[PDB]
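**Student:** One structure, pasted below without further comment.
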Amino acid sequence: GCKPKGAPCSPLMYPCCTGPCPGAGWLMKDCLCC
């Protein structure tokens, strides 16, 4: 998974990560990199 919630952004079907990861839409932990 990627970083957890707490960042400004609108979730697009997937949760809100607080730091874009290498991937794009793969989350397994808290919030997804919108």
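To be explicit about the labels: the chains of the structure tokens are called A, B, and onward in the order shown, and within each one the residues are counted from 1, while ligands get numbers from 1 in the order they are shown.
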Segment 20-33 of chain A: which residues within 6 Å, counting only C-alpha atoms, same-chain residues fewer than 6 positions away excluded, as a ChimeraX atom specification?

**Tutor:** /A:1-2,4-5,14
